[PDB]
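What follows is a short report on a single structure.
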Amino acid sequence: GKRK
Amino acid sequence: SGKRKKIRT
Amino acid sequence: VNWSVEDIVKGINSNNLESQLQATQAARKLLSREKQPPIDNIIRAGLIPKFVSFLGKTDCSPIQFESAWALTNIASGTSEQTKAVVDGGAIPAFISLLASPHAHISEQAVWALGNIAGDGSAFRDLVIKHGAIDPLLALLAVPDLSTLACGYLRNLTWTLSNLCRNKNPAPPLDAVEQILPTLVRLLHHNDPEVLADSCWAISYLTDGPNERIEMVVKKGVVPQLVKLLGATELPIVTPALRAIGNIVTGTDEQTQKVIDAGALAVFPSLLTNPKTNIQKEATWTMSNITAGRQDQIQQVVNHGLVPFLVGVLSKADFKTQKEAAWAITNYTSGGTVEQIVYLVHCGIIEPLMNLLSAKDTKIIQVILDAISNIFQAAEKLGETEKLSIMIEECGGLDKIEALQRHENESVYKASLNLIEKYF
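Laid out in structure tokens, this is it:
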């Protein structure tokens, strides 16, 4: 999943 | 460019 | 020149506007000196309220200017120094000066408001509540930005970027919506400092939830951002890349707009860029692209970027190597068997194994997860043994066996599971  | 604050000299 | 604070006070306390002007200019010169400007001594002399009242002297424009410059420089300091300016009443007085017929006074007010807003979210929001946005944007409501003086436009862009900046909270949604059409226009301007600060503003606005990203992407700026990603000036590339990176942290559809705009064709250069921070932020961006859909992974493949990820894993600053490890774990979590096979054919195994010698627990966990995902793909092809041999040949089995006896529990569990199942 994405990592901000 | 990008500085939080800028002093005028 | 070189007045004492005592003499400045004496002149400012005279009942003589010209004596006050001369003393205020002397304060401005003291505050303008390159080394250790005596901000606190001026504050402690009590001069901020006088400066603030001088901002309102429409019949004496020179003293408006000198006091604006003095207060700009006081506000350029610590939060306590900026607070002293705000507590003097300066915000509405500067906003009133935005409408001055003297361009050098309007610009000085722009600058001061940028320092105040740049302090942090509370002063930013207070500048907005006093009504700064309308008159700032009115200064840029011209048919062609190129008719404005360059320094003035740069200061306007910089101040608008500080109204876009900071989090907890992010700027008011309605303020962002008000500013964005002007920011879009500034992003197409041809001055490098305007472009840099416009990019910084967009990078702030895309640093947050996907709804904020969407507000920016809907304005159609992603193609201009990708063009700027290609600029030769590092002050432009840095914020353009930060903004692109932020956008691909969003939905798969937001990421696809970056891909459609041609961004991946710039990554051969970004992933080999001599500036460490560019390589690191490019690899972070790649890791959020490889966390996307299989057809987006496929675009990474088609653009020839897997060899570049192998390169960054093999040799780069450690922080960049960590982002690369993340990019590989995301790739192998989301990819097809064919895509994962391709990764192995590009040489991922040996550099991955070499990074198991790092003293950072998180990167070890990430690499073990990736190795597991690759083994799963191998299981579906019946090639687990071939992969085991490859891992053993490059020294990887030794490193995993060692990791069985590791302080962190998740590391030990993962290593033992790998060995029992495949070795």
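Chains as they are written, first to last, in the authors' numbering: chain B, 81 to 84; chain C, 80 to 88; chain A, 74 to 496.
Even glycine gets a Cβ: it sits at the ideal position worked out from N, Cα and C.
Fill in: Rounded distance between the beta-carbons of A:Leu476 and A:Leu429, thought under 8 Å
Counted from its first residue, the third sequence places residue 429 of chain A at position 356. Counted from its first residue, the third sequence places residue 476 of chain A at position 403. With a beta-carbon spacing of about 7 Å, A:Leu429 and A:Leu476 fall inside the 8 Å limit used to define contacts.
Worksheet item: In this structure, does DSSP put A:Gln109 in helix, strand or coil?
Response: Counted from its first residue, the third sequence places residue 109 of chain A at position 36. Here A:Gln109 sits in coil by DSSP.
Practice prompt. Mark A:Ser173 as exposed unless 16 or more other C-beta atoms lie within 10 angstroms of its C-beta, in which case mark it buried.
Written response: Within the third sequence, residue 173 of chain A is the residue found at index 100, counting from 1. That one is buried.
Worksheet item: From A:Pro135 to A:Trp142, what does the alpha carbon distance come to, in whole angstroms?
Response: Numbered from 1 along the third sequence, position 62 holds the residue referred to as residue 135 of chain A. Numbered from 1 along the third sequence, position 69 holds the residue referred to as residue 142 of chain A. Going by the C-alpha atoms only, they are around 11 Å apart.
Discussion item. So, does the stretch 386 to 400 of chain A touch the stretch 343 to 356 of chain A, judging by three or more C-beta pairs under 8 Å?
Written reply: yes
Worksheet entry | Nearest candidate by alpha-carbon position, reference A:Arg117, set A:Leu90, A:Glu79, A:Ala96 | The count along the third sequence starts at 1 and reaches residue 117 of chain A at position 44. Residue A:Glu79 is the option with its Cα nearest to A:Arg117.
Fill in: Classification of A:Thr232 by the beta-carbon crowding that lies within 10 angstroms, buried from 16 upward
Mapped onto the third sequence, residue 232 of chain A falls at position 159. Around the Cβ of A:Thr232, a 10 Å sphere holds 16 or more other Cβ atoms; the residue is buried.
Worksheet item: Can you list, in chain order, the residues of its chain whose CB lies under 6 Å from that of A:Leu378, leaving out five sequence neighbours each side?
Response: For the purposes of this step, residue 378 of chain A is identified with residue 305 of the third sequence, where counting begins at 1. Cβ within range, chain order: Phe340.
Discussion item. Is it buried or exposed, A:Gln367, if we count other Cβ atoms within 10 angstroms and call 16 or more buried?
Written reply: For the purposes of this step, residue 367 of chain A is taken as the residue at position 294 of the third sequence. Counting other Cβ atoms within 10 Å of its Cβ, A:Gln367 stays below 16 and is therefore classed as exposed.
Fill in: DSSP-derived helix/strand/coil call for A:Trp357
Working through the third sequence from its first residue, we reach residue 357 of chain A at position 284. Residue state, collapsed to three classes: helix.
Worksheet item: For A:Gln477, which three-state DSSP category applies?
Response: One-based indexing of the third sequence puts residue 477 of chain A at position 404. Reduced to three states, the DSSP call for A:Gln477 is coil.
Worksheet item: My guess is that A:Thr402 and A:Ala451 are in contact by the Cβ rule of under 8 Å, so how many angstroms apart are they, rounded?
Response: Within the third sequence, the letter at position 329 stands for residue 402 of chain A. Within the third sequence, the letter at position 378 stands for residue 451 of chain A. About 16 Å separates the CB atoms of A:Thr402 and A:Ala451; that is not less than 8 Å, and the two are not in contact.
Worksheet item: Per DSSP, what kind of secondary structure is A:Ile421 in: helix, strand or coil?
Response: Residue 421 of chain A sits at position 348 when you count from the first residue of the third sequence. A:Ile421: coil per DSSP, three-state reduction.
Worksheet item: Do you know offhand how far A:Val125's Cα is from A:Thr311's?
Response: Residue mapping note: residue 125 of chain A aligns to position 52 of the third sequence, counting from 1. Residue mapping note: residue 311 of chain A aligns to position 238 of the third sequence, counting from 1. Going from the Cα of A:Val125 to the Cα of A:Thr311 covers about 37 Å.
Practice prompt. Quick one: give me the first and last residue of the alpha helix (DSSP H) that A:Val310 is part of.
Written response: Along the third sequence, one-based indexing puts residue 310 of chain A at 237. First-last of the alpha helix (DSSP H) with A:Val310: 307 to 320.
Worksheet item: Leaving out the 5 sequence neighbours to the left and right, which residues in its chain are closer than 8 Å to A:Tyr485 when beta-carbon positions are compared?
Response: Translated into positions along the third sequence, residue 485 of chain A becomes position 412. Around A:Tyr485: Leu476, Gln477, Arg478, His479.
Worksheet entry | Spatially closest choice to A:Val82 from A:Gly408, A:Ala100, A:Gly129, by CA coordinates | The residue you call residue 82 of chain A lines up with position 9 of the third sequence. Nearest of A:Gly408, A:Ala100, A:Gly129 to A:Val82, Cα basis: A:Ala100.
Practice prompt. Consult DSSP for C:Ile86 and reduce its assignment to one of helix, strand or coil.
Written response: Residue 86 of chain C sits at position 7 when you count from the first residue of the second sequence. Assigned with DSSP and collapsed to three states, C:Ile86 falls in coil, not helix or strand.
Discussion item. Looking at the secondary structure, which residues open and close the alpha helix (DSSP H) in which A:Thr131 lies?
Written reply: Taking the first residue of the third sequence as position 1, residue 131 of chain A is located at position 58. Segment: none, A:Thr131 is in no alpha helix (DSSP H) and carries neither H nor E.
Practice prompt. Could you pull out every residue in the same chain whose Cβ sits closer than 8 Å to the Cβ of A:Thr328, ignoring the five residues on either side in sequence?
Written response: To locate residue 328 of chain A, count along the third sequence from 1; it is residue 255. For A:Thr328, where only same-chain residues beyond five positions count, the Cβ hits under 8 Å are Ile320, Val321, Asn361, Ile362, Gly365, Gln369.
Practice prompt. Could you list the residues in the stretch 306 to 333 of chain A with a C-beta less than 8 Å from some C-beta on chain B, going in chain order?
Written response: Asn319, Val321, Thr322, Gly323
Worksheet item: Can you tell me where the alpha helix (DSSP H) with A:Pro347 in it begins and where it stops?
Response: For the purposes of this step, residue 347 of chain A is taken as residue 274 along the third sequence, with counting starting at 1. Per DSSP, A:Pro347 belongs to no alpha helix (DSSP H) and is neither H nor E.
Worksheet item: For a contact meaning CB atoms closer than 8 Å, what does A:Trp399 contact in chain B?
Response: Taking the third sequence and counting its residues from 1, the one referred to as residue 399 of chain A is at position 326. Contact of A:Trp399 with chain B by beta-carbon distance below 8 Å involves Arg83.
Discussion item. Using only the alpha-carbon positions, how far apart do A:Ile413 and A:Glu465 sit?
Written reply: Here residue 413 of chain A corresponds to residue number 340 of the third sequence, with the count starting at 1. Here residue 465 of chain A corresponds to residue number 392 of the third sequence, with the count starting at 1. C-alpha separation (whole angstroms): 19 Å.
Practice prompt. Can you tell me which of the three DSSP states A:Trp273 falls into?
Written response: In the third sequence, residue 273 of chain A corresponds to position 200, counting from 1. Helix at A:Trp273.
Worksheet entry | Whole-angstrom distance between A:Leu229 and A:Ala214, CA atom to CA atom | One-based indexing of the third sequence puts residue 214 of chain A at position 141. One-based indexing of the third sequence puts residue 229 of chain A at position 156. The alpha-carbon separation between A:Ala214 and A:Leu229 amounts to approximately 12 Å.
Practice prompt. Enumerate, from N- to C-terminal direction, the unbroken alpha helix (DSSP H) stretches of 4 or more residues contained entirely within the stretch 227 to 303 of chain A.
Written response: 246 to 259, 265 to 278, 283 to 290, 295 to 302
Discussion item. Let me confirm a value: A:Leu386 is counted as buried when at least 16 other C-beta atoms fall within 10 Å, else exposed. Which label applies?
Written reply: Here the question's residue 386 of chain A lines up with position 313 in the third sequence. Within 10 angstroms of the beta-carbon of A:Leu386 lie 16 or more other beta-carbons, which makes it buried.
Practice prompt. Have a look at A:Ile112 and A:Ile189 and give me their C-alpha separation to the nearest angstrom.
Written response: On the third sequence, residue 112 of chain A is found 39 positions in, with the first residue counted as 1. On the third sequence, residue 189 of chain A is found 116 positions in, with the first residue counted as 1. If I take the Cα positions, the gap works out to 15 Å.
Discussion item. Given this structure, state the Cα-to-Cα distance separating A:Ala205 from A:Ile286, to the nearest angstrom.
Written reply: Here residue 205 of chain A is taken as the residue at index 132 of the third sequence, counted from 1. Here residue 286 of chain A is taken as the residue at index 213 of the third sequence, counted from 1. Distance between the alpha carbons of A:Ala205 and A:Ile286: 24 Å.
Fill in: Rounded Cβ spacing between A:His376 and A:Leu416 (contact assumed at less than 8 Å)
Numbered from 1 along the third sequence, position 303 holds the residue referred to as residue 376 of chain A. Numbered from 1 along the third sequence, position 343 holds the residue referred to as residue 416 of chain A. Not quite, the Cβ-Cβ distance comes to about 15 Å (not below 8 Å), so this is no contact.
Item to complete: Specify the secondary structure class of A:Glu180 as computed by DSSP and reduced to three states.
Response: Your numbering for residue 180 of chain A matches position 107 in the third sequence. Three-state DSSP puts A:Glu180 in a helix.
Fill in: Residues that A:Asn361 contacts on chain B, provided the C-beta gap is smaller than 7 Å
Here residue 361 of chain A refers to the residue found at position 288 when the third sequence is read from its first residue. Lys82, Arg83, listed in chain order.
Worksheet item: From the beta carbon of A:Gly191, is the nearest beta carbon of chain C less than 8 Å away?
Response: As a position in the third sequence, residue 191 of chain A is number 118, starting the count at 1. It does; some Cβ of chain C falls within 8 Å.
Item to complete: Spell out whether any CB of chain B is found under 8 Å from the CB atom of A:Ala364.
Response: The count along the third sequence starts at 1 and reaches residue 364 of chain A at position 291. Judged by the 8 Å Cβ criterion, A:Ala364 is in contact with chain B.
Item to complete: Decide if A:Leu301 is buried, meaning its Cβ has at least 16 other Cβ atoms within 10 Å, or exposed.
Response: Taking the first residue of the third sequence as position 1, residue 301 of chain A is located at position 228. The residue in question, A:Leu301, is buried, as its Cβ has 16 or more Cβ neighbours within 10 Å.
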